$ cat protein.pdb   # PDB, C-alpha atoms
ATOM      1  CA  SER A   1      -2.490  -7.017 -39.995
ATOM      2  CA  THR A   2      -5.948  -5.650 -40.903
ATOM      3  CA  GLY A   3      -9.576  -6.727 -40.537
ATOM      4  CA  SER A   4     -12.787  -5.758 -42.397
ATOM      5  CA  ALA A   5     -16.329  -6.769 -41.381
ATOM      6  CA  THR A   6     -19.774  -5.782 -42.657
ATOM      7  CA  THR A   7     -22.219  -4.215 -40.093
ATOM      8  CA  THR A   8     -25.969  -4.629 -40.676
ATOM      9  CA  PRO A   9     -28.939  -2.728 -39.199
ATOM     10  CA  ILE A  10     -31.071  -4.921 -36.839
ATOM     11  CA  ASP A  11     -34.395  -3.493 -38.145
ATOM     12  CA  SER A  12     -35.998  -1.058 -40.638
ATOM     13  CA  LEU A  13     -35.229   1.995 -38.372
ATOM     14  CA  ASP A  14     -31.405   1.405 -37.896
ATOM     15  CA  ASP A  15     -32.069   1.037 -34.115
ATOM     16  CA  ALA A  16     -28.613  -0.639 -33.859
ATOM     17  CA  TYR A  17     -26.066  -2.469 -36.040
ATOM     18  CA  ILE A  18     -24.727  -6.032 -35.678
ATOM     19  CA  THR A  19     -21.335  -7.349 -36.852
ATOM     20  CA  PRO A  20     -20.409 -11.068 -36.928
ATOM     21  CA  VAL A  21     -17.565 -12.032 -34.548
ATOM     22  CA  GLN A  22     -15.836 -15.453 -34.331
ATOM     23  CA  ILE A  23     -15.177 -16.652 -30.731
ATOM     24  CA  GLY A  24     -13.353 -19.845 -29.737
ATOM     25  CA  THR A  25     -12.057 -23.015 -31.430
ATOM     26  CA  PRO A  26     -13.837 -24.234 -33.473
ATOM     27  CA  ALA A  27     -15.346 -20.778 -34.194
ATOM     28  CA  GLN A  28     -18.683 -19.833 -32.626
ATOM     29  CA  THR A  29     -20.091 -16.860 -34.630
ATOM     30  CA  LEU A  30     -22.091 -14.321 -32.579
ATOM     31  CA  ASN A  31     -23.636 -11.051 -33.871
ATOM     32  CA  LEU A  32     -22.344  -8.257 -31.604
ATOM     33  CA  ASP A  33     -23.207  -4.550 -31.261
ATOM     34  CA  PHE A  34     -19.919  -2.660 -31.752
ATOM     35  CA  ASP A  35     -20.076   0.159 -29.170
ATOM     36  CA  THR A  36     -17.512   3.061 -29.202
ATOM     37  CA  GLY A  37     -19.236   4.270 -25.949
ATOM     38  CA  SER A  38     -18.256   1.251 -23.747
ATOM     39  CA  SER A  39     -15.247  -1.013 -23.139
ATOM     40  CA  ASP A  40     -16.636  -4.560 -22.356
ATOM     41  CA  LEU A  41     -16.870  -7.472 -24.835
ATOM     42  CA  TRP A  42     -19.745  -9.479 -23.306
ATOM     43  CA  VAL A  43     -21.903 -12.272 -24.779
ATOM     44  CA  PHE A  44     -25.025 -14.274 -24.147
ATOM     45  CA  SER A  45     -23.746 -17.689 -23.053
ATOM     46  CA  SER A  46     -24.432 -21.231 -21.767
ATOM     47  CA  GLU A  47     -24.223 -19.541 -18.284
ATOM     48  CA  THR A  48     -27.046 -16.976 -18.970
ATOM     49  CA  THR A  49     -30.211 -17.487 -16.781
ATOM     50  CA  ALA A  50     -32.423 -19.623 -19.087
ATOM     51  CA  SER A  51     -35.531 -17.357 -18.657
ATOM     52  CA  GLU A  52     -33.418 -14.318 -19.865
ATOM     53  CA  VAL A  53     -32.478 -15.974 -23.239
ATOM     54  CA  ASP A  54     -35.115 -15.535 -26.050
ATOM     55  CA  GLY A  55     -33.634 -16.434 -29.471
ATOM     56  CA  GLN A  56     -30.038 -15.095 -29.087
ATOM     57  CA  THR A  57     -27.063 -17.193 -30.217
ATOM     58  CA  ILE A  58     -25.018 -18.201 -27.127
ATOM     59  CA  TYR A  59     -21.274 -18.703 -26.555
ATOM     60  CA  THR A  60     -20.566 -22.099 -24.917
ATOM     61  CA  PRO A  61     -17.026 -21.971 -23.449
ATOM     62  CA  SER A  62     -16.998 -25.722 -22.651
ATOM     63  CA  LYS A  63     -17.107 -26.386 -26.485
ATOM     64  CA  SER A  64     -14.023 -24.180 -27.185
ATOM     65  CA  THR A  65     -10.607 -25.867 -26.883
ATOM     66  CA  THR A  66      -8.979 -22.397 -26.454
ATOM     67  CA  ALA A  67     -11.335 -21.062 -23.695
ATOM     68  CA  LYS A  68      -9.801 -20.580 -20.204
ATOM     69  CA  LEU A  69     -11.739 -19.365 -17.110
ATOM     70  CA  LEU A  70     -10.173 -16.112 -15.890
ATOM     71  CA  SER A  71     -10.206 -17.229 -12.252
ATOM     72  CA  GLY A  72     -11.941 -14.870  -9.805
ATOM     73  CA  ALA A  73     -12.874 -12.255 -12.407
ATOM     74  CA  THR A  74     -16.396 -10.807 -12.535
ATOM     75  CA  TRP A  75     -18.032  -7.954 -14.446
ATOM     76  CA  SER A  76     -21.145  -5.772 -14.124
ATOM     77  CA  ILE A  77     -22.223  -2.894 -16.377
ATOM     78  CA  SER A  78     -25.068  -0.364 -16.569
ATOM     79  CA  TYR A  79     -25.702   1.599 -19.792
ATOM     80  CA  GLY A  80     -27.100   5.129 -20.321
ATOM     81  CA  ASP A  81     -30.496   3.634 -21.441
ATOM     82  CA  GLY A  82     -30.944   1.869 -18.022
ATOM     83  CA  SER A  83     -30.052  -1.624 -19.345
ATOM     84  CA  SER A  84     -27.501  -3.875 -17.580
ATOM     85  CA  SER A  85     -25.679  -7.223 -17.584
ATOM     86  CA  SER A  86     -23.176  -9.097 -15.406
ATOM     87  CA  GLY A  87     -21.285 -12.381 -15.166
ATOM     88  CA  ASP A  88     -17.855 -14.068 -15.121
ATOM     89  CA  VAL A  89     -14.945 -14.045 -17.626
ATOM     90  CA  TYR A  90     -13.082 -16.351 -20.037
ATOM     91  CA  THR A  91     -10.092 -15.666 -22.272
ATOM     92  CA  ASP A  92     -10.433 -17.007 -25.812
ATOM     93  CA  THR A  93      -9.478 -16.394 -29.461
ATOM     94  CA  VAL A  94     -11.638 -13.629 -31.035
ATOM     95  CA  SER A  95     -11.596 -12.719 -34.778
ATOM     96  CA  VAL A  96     -13.335  -9.792 -36.536
ATOM     97  CA  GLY A  97     -13.273  -9.665 -40.353
ATOM     98  CA  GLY A  98     -10.056 -11.791 -40.562
ATOM     99  CA  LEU A  99      -8.205  -9.966 -37.720
ATOM    100  CA  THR A 100      -7.429 -12.373 -34.793
ATOM    101  CA  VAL A 101      -6.645 -11.601 -31.099
ATOM    102  CA  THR A 102      -5.567 -14.446 -28.783
ATOM    103  CA  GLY A 103      -6.255 -14.203 -25.033
ATOM    104  CA  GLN A 104      -9.128 -11.686 -25.432
ATOM    105  CA  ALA A 105     -11.338 -11.267 -22.337
ATOM    106  CA  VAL A 106     -14.813 -12.624 -23.292
ATOM    107  CA  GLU A 107     -17.256 -11.595 -20.531
ATOM    108  CA  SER A 108     -19.914 -14.356 -20.192
ATOM    109  CA  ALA A 109     -23.362 -13.083 -19.018
ATOM    110  CA  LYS A 110     -25.030 -14.808 -16.071
ATOM    111  CA  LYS A 111     -27.737 -12.059 -15.949
ATOM    112  CA  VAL A 112     -29.078  -9.591 -18.560
ATOM    113  CA  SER A 113     -31.824  -6.927 -18.174
ATOM    114  CA  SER A 114     -35.146  -7.192 -19.992
ATOM    115  CA  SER A 115     -34.206  -4.933 -22.961
ATOM    116  CA  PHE A 116     -31.393  -7.399 -23.897
ATOM    117  CA  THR A 117     -33.681 -10.479 -23.535
ATOM    118  CA  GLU A 118     -36.336  -8.766 -25.690
ATOM    119  CA  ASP A 119     -33.867  -8.076 -28.563
ATOM    120  CA  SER A 120     -33.295 -11.522 -30.225
ATOM    121  CA  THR A 121     -30.939  -9.977 -32.878
ATOM    122  CA  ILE A 122     -28.084  -8.799 -30.509
ATOM    123  CA  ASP A 123     -25.952 -11.630 -29.030
ATOM    124  CA  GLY A 124     -23.758  -9.187 -27.009
ATOM    125  CA  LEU A 125     -21.593  -6.045 -27.190
ATOM    126  CA  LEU A 126     -18.020  -5.413 -28.353
ATOM    127  CA  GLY A 127     -16.747  -2.237 -26.669
ATOM    128  CA  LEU A 128     -14.395   0.155 -28.562
ATOM    129  CA  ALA A 129     -14.069   3.031 -26.030
ATOM    130  CA  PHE A 130     -10.863   3.296 -23.926
ATOM    131  CA  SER A 131      -9.898   0.312 -21.722
ATOM    132  CA  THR A 132     -10.025   2.567 -18.586
ATOM    133  CA  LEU A 133     -13.884   2.007 -18.660
ATOM    134  CA  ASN A 134     -13.653  -1.829 -18.702
ATOM    135  CA  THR A 135     -15.690  -3.195 -15.721
ATOM    136  CA  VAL A 136     -13.776  -6.489 -15.028
ATOM    137  CA  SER A 137     -12.768  -6.868 -11.347
ATOM    138  CA  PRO A 138     -10.320  -7.303  -9.743
ATOM    139  CA  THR A 139      -8.082  -7.118 -12.863
ATOM    140  CA  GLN A 140      -9.365  -4.678 -15.515
ATOM    141  CA  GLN A 141      -9.194  -6.090 -19.121
ATOM    142  CA  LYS A 142      -8.289  -4.546 -22.495
ATOM    143  CA  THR A 143     -10.679  -4.006 -25.446
ATOM    144  CA  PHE A 144     -10.320  -5.972 -28.698
ATOM    145  CA  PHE A 145      -8.854  -2.826 -30.374
ATOM    146  CA  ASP A 146      -6.337  -2.270 -27.561
ATOM    147  CA  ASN A 147      -5.179  -5.957 -27.798
ATOM    148  CA  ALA A 148      -4.969  -5.782 -31.659
ATOM    149  CA  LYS A 149      -3.338  -2.300 -31.915
ATOM    150  CA  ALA A 150       0.377  -3.247 -31.895
ATOM    151  CA  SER A 151      -0.233  -5.873 -34.698
ATOM    152  CA  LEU A 152      -2.227  -3.510 -36.959
ATOM    153  CA  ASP A 153      -0.707  -1.854 -40.072
ATOM    154  CA  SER A 154      -1.874   1.537 -38.588
ATOM    155  CA  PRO A 155      -3.341   1.967 -35.033
ATOM    156  CA  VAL A 156      -6.857   2.927 -36.283
ATOM    157  CA  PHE A 157     -10.350   1.592 -36.829
ATOM    158  CA  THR A 158     -13.065   3.162 -39.008
ATOM    159  CA  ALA A 159     -16.881   3.205 -38.784
ATOM    160  CA  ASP A 160     -18.854   3.526 -42.024
ATOM    161  CA  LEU A 161     -22.490   2.982 -40.964
ATOM    162  CA  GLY A 162     -25.228   2.745 -43.624
ATOM    163  CA  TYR A 163     -28.630   4.526 -43.734
ATOM    164  CA  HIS A 164     -31.167   1.699 -44.000
ATOM    165  CA  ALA A 165     -28.273  -0.400 -45.509
ATOM    166  CA  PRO A 166     -25.187  -2.388 -44.440
ATOM    167  CA  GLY A 167     -21.877  -0.670 -43.737
ATOM    168  CA  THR A 168     -18.340  -1.545 -42.670
ATOM    169  CA  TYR A 169     -15.956  -1.607 -39.689
ATOM    170  CA  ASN A 170     -12.286  -1.677 -40.764
ATOM    171  CA  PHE A 171      -9.283  -2.289 -38.418
ATOM    172  CA  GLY A 172      -5.744  -1.149 -39.225
ATOM    173  CA  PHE A 173      -6.285   0.789 -42.496
ATOM    174  CA  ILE A 174      -8.219   3.726 -44.008
ATOM    175  CA  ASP A 175     -10.100   2.751 -47.215
ATOM    176  CA  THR A 176      -9.498   5.877 -49.398
ATOM    177  CA  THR A 177     -12.349   4.673 -51.749
ATOM    178  CA  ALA A 178     -14.994   4.822 -48.952
ATOM    179  CA  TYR A 179     -15.332   8.667 -48.618
ATOM    180  CA  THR A 180     -15.415  11.902 -50.731
ATOM    181  CA  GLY A 181     -13.083  14.896 -50.336
ATOM    182  CA  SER A 182     -10.634  14.870 -47.377
ATOM    183  CA  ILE A 183     -10.757  13.570 -43.771
ATOM    184  CA  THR A 184     -10.787  16.426 -41.178
ATOM    185  CA  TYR A 185      -9.107  15.410 -37.908
ATOM    186  CA  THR A 186     -10.092  16.897 -34.518
ATOM    187  CA  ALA A 187      -8.724  16.584 -30.954
ATOM    188  CA  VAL A 188      -9.921  13.928 -28.477
ATOM    189  CA  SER A 189     -10.044  14.037 -24.654
ATOM    190  CA  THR A 190      -9.756  10.558 -23.077
ATOM    191  CA  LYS A 191     -10.367  11.953 -19.523
ATOM    192  CA  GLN A 192     -13.864  10.308 -19.274
ATOM    193  CA  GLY A 193     -12.770   7.124 -21.196
ATOM    194  CA  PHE A 194     -14.804   8.129 -24.321
ATOM    195  CA  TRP A 195     -13.991   9.361 -27.867
ATOM    196  CA  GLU A 196     -14.820  12.916 -26.642
ATOM    197  CA  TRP A 197     -14.410  15.835 -29.059
ATOM    198  CA  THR A 198     -15.722  19.376 -29.663
ATOM    199  CA  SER A 199     -17.911  20.210 -32.666
ATOM    200  CA  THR A 200     -17.529  23.755 -34.033
ATOM    201  CA  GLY A 201     -21.305  24.370 -34.472
ATOM    202  CA  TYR A 202     -24.439  23.582 -36.447
ATOM    203  CA  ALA A 203     -26.964  24.632 -39.042
ATOM    204  CA  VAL A 204     -30.669  23.687 -39.491
ATOM    205  CA  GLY A 205     -31.676  23.006 -43.127
ATOM    206  CA  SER A 206     -30.509  25.802 -45.474
ATOM    207  CA  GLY A 207     -30.048  28.154 -42.457
ATOM    208  CA  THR A 208     -26.860  30.024 -41.503
ATOM    209  CA  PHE A 209     -24.160  28.119 -39.616
ATOM    210  CA  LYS A 210     -23.961  28.984 -35.884
ATOM    211  CA  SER A 211     -20.352  28.889 -34.601
ATOM    212  CA  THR A 212     -20.505  27.384 -31.094
ATOM    213  CA  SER A 213     -18.434  24.721 -29.230
ATOM    214  CA  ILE A 214     -20.418  21.473 -28.562
ATOM    215  CA  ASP A 215     -18.440  18.934 -26.492
ATOM    216  CA  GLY A 216     -19.695  15.345 -27.027
ATOM    217  CA  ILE A 217     -18.815  11.671 -27.650
ATOM    218  CA  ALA A 218     -18.700   9.657 -30.866
ATOM    219  CA  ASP A 219     -20.857   6.655 -29.779
ATOM    220  CA  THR A 220     -21.824   3.881 -32.265
ATOM    221  CA  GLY A 221     -23.817   2.126 -29.491
ATOM    222  CA  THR A 222     -26.327   5.014 -29.174
ATOM    223  CA  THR A 223     -29.088   5.236 -31.848
ATOM    224  CA  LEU A 224     -29.934   8.973 -31.771
ATOM    225  CA  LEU A 225     -28.176  12.404 -31.769
ATOM    226  CA  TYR A 226     -28.405  13.999 -28.260
ATOM    227  CA  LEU A 227     -27.538  17.739 -28.172
ATOM    228  CA  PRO A 228     -28.132  20.765 -25.892
ATOM    229  CA  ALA A 229     -31.770  21.820 -25.498
ATOM    230  CA  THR A 230     -31.099  25.191 -27.293
ATOM    231  CA  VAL A 231     -29.846  23.412 -30.433
ATOM    232  CA  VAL A 232     -32.630  20.768 -30.374
ATOM    233  CA  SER A 233     -35.382  23.478 -29.917
ATOM    234  CA  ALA A 234     -33.900  25.411 -32.907
ATOM    235  CA  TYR A 235     -34.109  22.237 -35.088
ATOM    236  CA  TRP A 236     -37.692  21.205 -34.185
ATOM    237  CA  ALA A 237     -39.009  24.807 -34.484
ATOM    238  CA  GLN A 238     -38.480  24.339 -38.288
ATOM    239  CA  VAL A 239     -40.998  21.388 -38.369
ATOM    240  CA  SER A 240     -44.724  22.370 -38.233
ATOM    241  CA  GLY A 241     -46.501  20.598 -35.379
ATOM    242  CA  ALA A 242     -43.309  19.241 -33.696
ATOM    243  CA  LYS A 243     -43.381  19.252 -29.889
ATOM    244  CA  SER A 244     -41.593  17.818 -26.862
ATOM    245  CA  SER A 245     -43.884  15.136 -25.296
ATOM    246  CA  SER A 246     -43.188  14.206 -21.630
ATOM    247  CA  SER A 247     -45.553  11.171 -22.032
ATOM    248  CA  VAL A 248     -43.626   9.805 -25.040
ATOM    249  CA  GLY A 249     -40.136  10.860 -23.731
ATOM    250  CA  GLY A 250     -38.899  13.422 -26.292
ATOM    251  CA  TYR A 251     -39.658  15.386 -29.468
ATOM    252  CA  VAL A 252     -42.386  13.978 -31.747
ATOM    253  CA  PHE A 253     -43.526  15.319 -35.102
ATOM    254  CA  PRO A 254     -46.363  14.689 -37.586
ATOM    255  CA  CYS A 255     -45.547  11.670 -39.750
ATOM    256  CA  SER A 256     -46.764  13.774 -42.766
ATOM    257  CA  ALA A 257     -43.777  16.212 -42.323
ATOM    258  CA  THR A 258     -40.715  16.559 -44.567
ATOM    259  CA  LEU A 259     -37.755  17.012 -42.150
ATOM    260  CA  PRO A 260     -34.930  19.524 -42.706
ATOM    261  CA  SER A 261     -31.306  18.443 -42.737
ATOM    262  CA  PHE A 262     -28.975  19.088 -39.767
ATOM    263  CA  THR A 263     -25.327  20.113 -40.268
ATOM    264  CA  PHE A 264     -22.557  19.750 -37.627
ATOM    265  CA  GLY A 265     -19.056  21.256 -37.760
ATOM    266  CA  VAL A 266     -15.755  19.377 -37.572
ATOM    267  CA  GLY A 267     -13.142  22.105 -37.504
ATOM    268  CA  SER A 268     -13.738  24.186 -40.685
ATOM    269  CA  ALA A 269     -15.512  21.179 -42.331
ATOM    270  CA  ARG A 270     -19.236  20.345 -42.298
ATOM    271  CA  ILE A 271     -21.151  17.001 -42.115
ATOM    272  CA  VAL A 272     -24.740  17.133 -43.411
ATOM    273  CA  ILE A 273     -27.336  14.701 -41.899
ATOM    274  CA  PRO A 274     -30.209  14.441 -44.439
ATOM    275  CA  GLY A 275     -33.677  15.013 -42.963
ATOM    276  CA  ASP A 276     -34.793  11.407 -43.648
ATOM    277  CA  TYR A 277     -32.041  10.166 -41.242
ATOM    278  CA  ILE A 278     -33.903  12.012 -38.394
ATOM    279  CA  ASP A 279     -37.227  10.070 -38.887
ATOM    280  CA  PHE A 280     -37.653   7.150 -36.371
ATOM    281  CA  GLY A 281     -41.243   6.365 -37.427
ATOM    282  CA  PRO A 282     -44.544   6.019 -35.573
ATOM    283  CA  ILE A 283     -44.379   6.196 -31.716
ATOM    284  CA  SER A 284     -46.689   3.109 -31.681
ATOM    285  CA  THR A 285     -47.912   0.914 -34.529
ATOM    286  CA  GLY A 286     -50.426   2.879 -36.718
ATOM    287  CA  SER A 287     -49.823   6.261 -34.988
ATOM    288  CA  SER A 288     -49.516   9.450 -37.070
ATOM    289  CA  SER A 289     -47.070  10.842 -34.402
ATOM    290  CA  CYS A 290     -43.447  10.051 -35.327
ATOM    291  CA  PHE A 291     -40.378   9.974 -33.031
ATOM    292  CA  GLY A 292     -37.527  12.385 -33.737
ATOM    293  CA  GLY A 293     -33.906  11.358 -34.180
ATOM    294  CA  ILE A 294     -32.477  14.569 -32.623
ATOM    295  CA  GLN A 295     -33.230  14.764 -28.865
ATOM    296  CA  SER A 296     -32.128  16.864 -25.876
ATOM    297  CA  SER A 297     -29.104  15.723 -23.830
ATOM    298  CA  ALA A 298     -30.232  17.884 -20.864
ATOM    299  CA  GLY A 299     -31.120  14.793 -18.652
ATOM    300  CA  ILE A 300     -27.897  12.786 -19.650
ATOM    301  CA  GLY A 301     -24.943  14.993 -18.582
ATOM    302  CA  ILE A 302     -23.143  14.595 -21.952
ATOM    303  CA  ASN A 303     -23.830  15.305 -25.657
ATOM    304  CA  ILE A 304     -23.890  12.092 -27.778
ATOM    305  CA  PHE A 305     -23.043  11.911 -31.499
ATOM    306  CA  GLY A 306     -24.816   8.579 -31.977
ATOM    307  CA  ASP A 307     -25.684   6.625 -35.137
ATOM    308  CA  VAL A 308     -27.949   9.406 -36.615
ATOM    309  CA  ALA A 309     -24.841  11.645 -36.834
ATOM    310  CA  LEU A 310     -22.127   9.028 -37.459
ATOM    311  CA  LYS A 311     -23.952   7.253 -40.357
ATOM    312  CA  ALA A 312     -23.731  10.592 -42.317
ATOM    313  CA  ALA A 313     -19.864  10.328 -42.239
ATOM    314  CA  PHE A 314     -16.838   8.084 -42.688
ATOM    315  CA  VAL A 315     -15.384   8.173 -39.157
ATOM    316  CA  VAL A 316     -11.725   7.443 -38.200
ATOM    317  CA  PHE A 317     -10.993   6.390 -34.606
ATOM    318  CA  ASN A 318      -7.238   7.127 -34.478
ATOM    319  CA  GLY A 319      -5.651   5.212 -31.535
ATOM    320  CA  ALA A 320      -2.139   6.719 -31.912
ATOM    321  CA  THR A 321      -0.303   7.697 -28.659
ATOM    322  CA  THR A 322      -2.341  10.979 -28.820
ATOM    323  CA  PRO A 323      -5.769   9.797 -30.075
ATOM    324  CA  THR A 324      -7.771  11.882 -32.586
ATOM    325  CA  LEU A 325     -11.082  11.541 -34.538
ATOM    326  CA  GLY A 326     -11.464  12.025 -38.283
ATOM    327  CA  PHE A 327     -14.654  12.812 -40.220
ATOM    328  CA  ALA A 328     -15.237  12.752 -44.005
ATOM    329  CA  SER A 329     -18.348  13.151 -46.143
ATOM    330  CA  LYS A 330     -19.300  10.059 -48.226
TER
END
$ encode --input "protein.pdb" --output "structure tokens"
Amino acid sequence: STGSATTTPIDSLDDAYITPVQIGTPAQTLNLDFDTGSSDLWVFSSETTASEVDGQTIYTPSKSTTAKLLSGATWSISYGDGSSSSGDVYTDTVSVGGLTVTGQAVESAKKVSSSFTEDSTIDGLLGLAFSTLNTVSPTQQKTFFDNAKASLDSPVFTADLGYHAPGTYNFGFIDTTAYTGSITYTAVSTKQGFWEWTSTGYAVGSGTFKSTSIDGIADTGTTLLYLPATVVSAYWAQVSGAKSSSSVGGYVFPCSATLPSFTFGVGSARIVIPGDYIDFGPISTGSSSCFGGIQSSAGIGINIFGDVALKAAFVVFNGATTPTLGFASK
């Protein structure tokens, strides 16, 4: 089997991407944030505290003839941005782009933090990291990809995120028309439950490539590129008037600037992030200070290849017995 679904930016900055997902019988279509940095499929629901729902589409398990309460099971998750959600669990039929999994754990939110309430465009998350991070207690649950894997033509999914444009998530096949040149594969550590890999270095604009190992995670659920403070300082030193602002919470730059590209290594191959991908616009409406899309990881504890980096590439998440990542230019 295979599946193919279009993913669409939620706003003019590509702050996140939503993908339609069918849940239940008859289908209830919710727009979920596909997140390769977490392992829970959770949804706004008929159980969500009424004051914490503001325009999201909700899953109503009582209207699905295939929903079953997973008796006793609860979940609770906290993300790197400080947001959180918790609730109880159902099993139900879940389909993405024509690919169907029966008995998928659908985590129904009773509580969500304010950042979720305030974002009317995201109806929940679909996690695509390793199932070892799944938060369901007392019986940990499998991701949609882990449940689908055995049925797929090939045990892979691919992320092809657009810059200010829709893109695609494919399950079970590699679309050889979606990228240029060849795919370069690189080793993965699953020891922290993430798609963790080691970049071979970087360049700033037309500058020389610096060979240096940068361990980090491929994370579609994180907007920005978070790298060591040395690398980030080297990038922003090429932009006149750029500075790190403690009041704003990272590097800002004059909105009048033209930004340089940023290149990252994947083995002997190179992925080039155009400068425009690094512009996240005014810090507040009407400001001439603009927020940068490359930020320091120093206060996180891990480097994060988020959407800014991944949208420059066609990315293969290879779930074979020894997982690997693949990157191509496009």
$ residues_around --input "protein.pdb" --residues "range 258-269 of chain A" --least-positions-apart "5" --cutoff "7 Å" --atoms "all atoms listed in the file" --output "JSON, numbers by chain"
{"A": [184, 186, 199, 200, 201, 202, 203, 204, 205, 239, 274, 275, 276]}
$ closest_residue --input "protein.pdb" --among "A:307, A:153, A:88, A:33" --to "residue 124 in chain A" --atoms "only C-alpha atoms"
A:33
$ residues_around --input "protein.pdb" --residues "residue 322 in chain A" --least-positions-apart "4" --cutoff "12 Å" --atoms "all atoms listed in the file" --output "VMD selection string"
chain A and resid 155 to 156 186 to 190 195 317 to 318
$ write_last_selection --input "protein.pdb" --atoms "C-alpha atoms" --output "CSV table (one decimal), in the frame of the given file"
chain,number,residue,atom,x,y,z
A,155,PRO,CA,-3.3,2.0,-35.0
A,156,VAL,CA,-6.9,2.9,-36.3
A,186,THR,CA,-10.1,16.9,-34.5
A,187,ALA,CA,-8.7,16.6,-31.0
A,188,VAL,CA,-9.9,13.9,-28.5
A,189,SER,CA,-10.0,14.0,-24.7
A,190,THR,CA,-9.8,10.6,-23.1
A,195,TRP,CA,-14.0,9.4,-27.9
A,317,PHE,CA,-11.0,6.4,-34.6
A,318,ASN,CA,-7.2,7.1,-34.5
$ resolve_selection --input "protein.pdb" --expression "the PyMOL selection byres ((chain A and resi 21) around 8)" --output "PyMOL selection string"
chain A and resi 19-20+22-23+29-32+94-97
$ closest_residue --input "protein.pdb" --among "A:48, A:139, A:126, A:101" --to "residue 71 in chain A" --atoms "all atoms listed in the file"
A:139
$ closest_residue --input "protein.pdb" --among "A:152, A:43, A:278, A:227" --to "residue 127 in chain A" --atoms "only C-alpha atoms"
A:43
$ residues_around --input "protein.pdb" --residues "range 303-305 of chain A" --least-positions-apart "4" --cutoff "8 Å" --atoms "all atoms listed in the file" --output "number ranges by chain"
A: 214-219, 222, 224-228, 297, 309-310
$ resolve_selection --input "protein.pdb" --expression "the PyMOL selection byres ((chain A and resi 105-115) around 9)" --output "PDB file with C-alpha atoms, in the coordinates of the input"
ATOM      1  CA  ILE A  23     -15.177 -16.652 -30.731  1.00  0.00           C
ATOM      2  CA  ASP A  40     -16.636  -4.560 -22.356  1.00  0.00           C
ATOM      3  CA  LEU A  41     -16.870  -7.472 -24.835  1.00  0.00           C
ATOM      4  CA  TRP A  42     -19.745  -9.479 -23.306  1.00  0.00           C
ATOM      5  CA  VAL A  43     -21.903 -12.272 -24.779  1.00  0.00           C
ATOM      6  CA  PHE A  44     -25.025 -14.274 -24.147  1.00  0.00           C
ATOM      7  CA  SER A  45     -23.746 -17.689 -23.053  1.00  0.00           C
ATOM      8  CA  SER A  46     -24.432 -21.231 -21.767  1.00  0.00           C
ATOM      9  CA  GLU A  47     -24.223 -19.541 -18.284  1.00  0.00           C
ATOM     10  CA  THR A  48     -27.046 -16.976 -18.970  1.00  0.00           C
ATOM     11  CA  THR A  49     -30.211 -17.487 -16.781  1.00  0.00           C
ATOM     12  CA  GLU A  52     -33.418 -14.318 -19.865  1.00  0.00           C
ATOM     13  CA  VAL A  53     -32.478 -15.974 -23.239  1.00  0.00           C
ATOM     14  CA  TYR A  59     -21.274 -18.703 -26.555  1.00  0.00           C
ATOM     15  CA  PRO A  61     -17.026 -21.971 -23.449  1.00  0.00           C
ATOM     16  CA  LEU A  70     -10.173 -16.112 -15.890  1.00  0.00           C
ATOM     17  CA  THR A  74     -16.396 -10.807 -12.535  1.00  0.00           C
ATOM     18  CA  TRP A  75     -18.032  -7.954 -14.446  1.00  0.00           C
ATOM     19  CA  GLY A  82     -30.944   1.869 -18.022  1.00  0.00           C
ATOM     20  CA  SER A  83     -30.052  -1.624 -19.345  1.00  0.00           C
ATOM     21  CA  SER A  84     -27.501  -3.875 -17.580  1.00  0.00           C
ATOM     22  CA  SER A  85     -25.679  -7.223 -17.584  1.00  0.00           C
ATOM     23  CA  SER A  86     -23.176  -9.097 -15.406  1.00  0.00           C
ATOM     24  CA  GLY A  87     -21.285 -12.381 -15.166  1.00  0.00           C
ATOM     25  CA  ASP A  88     -17.855 -14.068 -15.121  1.00  0.00           C
ATOM     26  CA  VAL A  89     -14.945 -14.045 -17.626  1.00  0.00           C
ATOM     27  CA  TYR A  90     -13.082 -16.351 -20.037  1.00  0.00           C
ATOM     28  CA  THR A  91     -10.092 -15.666 -22.272  1.00  0.00           C
ATOM     29  CA  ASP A  92     -10.433 -17.007 -25.812  1.00  0.00           C
ATOM     30  CA  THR A  93      -9.478 -16.394 -29.461  1.00  0.00           C
ATOM     31  CA  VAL A  94     -11.638 -13.629 -31.035  1.00  0.00           C
ATOM     32  CA  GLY A 103      -6.255 -14.203 -25.033  1.00  0.00           C
ATOM     33  CA  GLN A 104      -9.128 -11.686 -25.432  1.00  0.00           C
ATOM     34  CA  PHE A 116     -31.393  -7.399 -23.897  1.00  0.00           C
ATOM     35  CA  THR A 117     -33.681 -10.479 -23.535  1.00  0.00           C
ATOM     36  CA  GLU A 118     -36.336  -8.766 -25.690  1.00  0.00           C
ATOM     37  CA  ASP A 119     -33.867  -8.076 -28.563  1.00  0.00           C
ATOM     38  CA  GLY A 124     -23.758  -9.187 -27.009  1.00  0.00           C
ATOM     39  CA  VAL A 136     -13.776  -6.489 -15.028  1.00  0.00           C
ATOM     40  CA  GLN A 141      -9.194  -6.090 -19.121  1.00  0.00           C
ATOM     41  CA  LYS A 142      -8.289  -4.546 -22.495  1.00  0.00           C
ATOM     42  CA  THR A 143     -10.679  -4.006 -25.446  1.00  0.00           C
ATOM     43  CA  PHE A 144     -10.320  -5.972 -28.698  1.00  0.00           C
TER      44      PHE A 144
END
$ closest_residue --input "protein.pdb" --among "A:296, A:64, A:181, A:238" --to "residue 206 in chain A" --atoms "all atoms listed in the file"
A:238
$ closest_residue --input "protein.pdb" --among "A:67, A:273, A:159, A:325" --to "residue 24 in chain A" --atoms "only C-alpha atoms"
A:67
$ closest_residue --input "protein.pdb" --among "A:248, A:178, A:308, A:125" --to "residue 330 in chain A" --atoms "all atoms listed in the file"
A:178
